[PDB]
């Protein structure tokens, strides 16, 4: 069996096409990718540069967040590839993210909790914004977005509880 045998039977990538995402779908995932990638960069920045009370817990929880964002970035980027899109998470493209910035300096732990919670909440904000039209077109892509939302919001609660009083 040769490439010719296969082509005449019509069992080829060109004859049997898959789901091809709309440029809207592809663009919504792209936004999520940028924000997830900025998140793990800023996350690591904070990881190294935190100082002050309850240092270790925060150092470790920032690594957990970094790990999740890295994994989710790969998942979204590859979801794009699977649906015909082309991801971009080069540093210059990622720099245009609006999730926030922890700065170049050492950061008090208490202050870092607030900044990171905001950065995570901004990344979730993007997913929730793009979710409905993605779900409408491709429910399976929205399912991936559901996993990312659950995990980020879980971590947002865990990290932020450090700075809360009872209600």
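Positions refer to the first chain, counted from 1.
Trainee: Quick one: say whether 74 to 82 or 92 to 100 has the higher mean Cα B-factor in the deposited entry.
Mentor: Per the PDB record, 92 to 100.
Trainee: Higher average CA B factor in the deposited record is what I'm after, so tell me if that's 109 to 117 or 35 to 43.
Mentor: It is 109 to 117 that shows the higher mean C-alpha B-factor.
Trainee: Would you mind ranking residue 132 by its C-alpha B-factor against the rest of the chain and naming the third, lowest, middle or highest?
Mentor: Its C-alpha B-factor, which the entry lists for residue 132, ranks in the highest third among residues of this chain.
Trainee: Quick check for you: using the entry's CA B-factors within this chain, is residue 158 in the lowest, middle or highest third?
Mentor: Within its chain, residue 158 is a middle-third residue by C-alpha B-factor, going by the deposited values.
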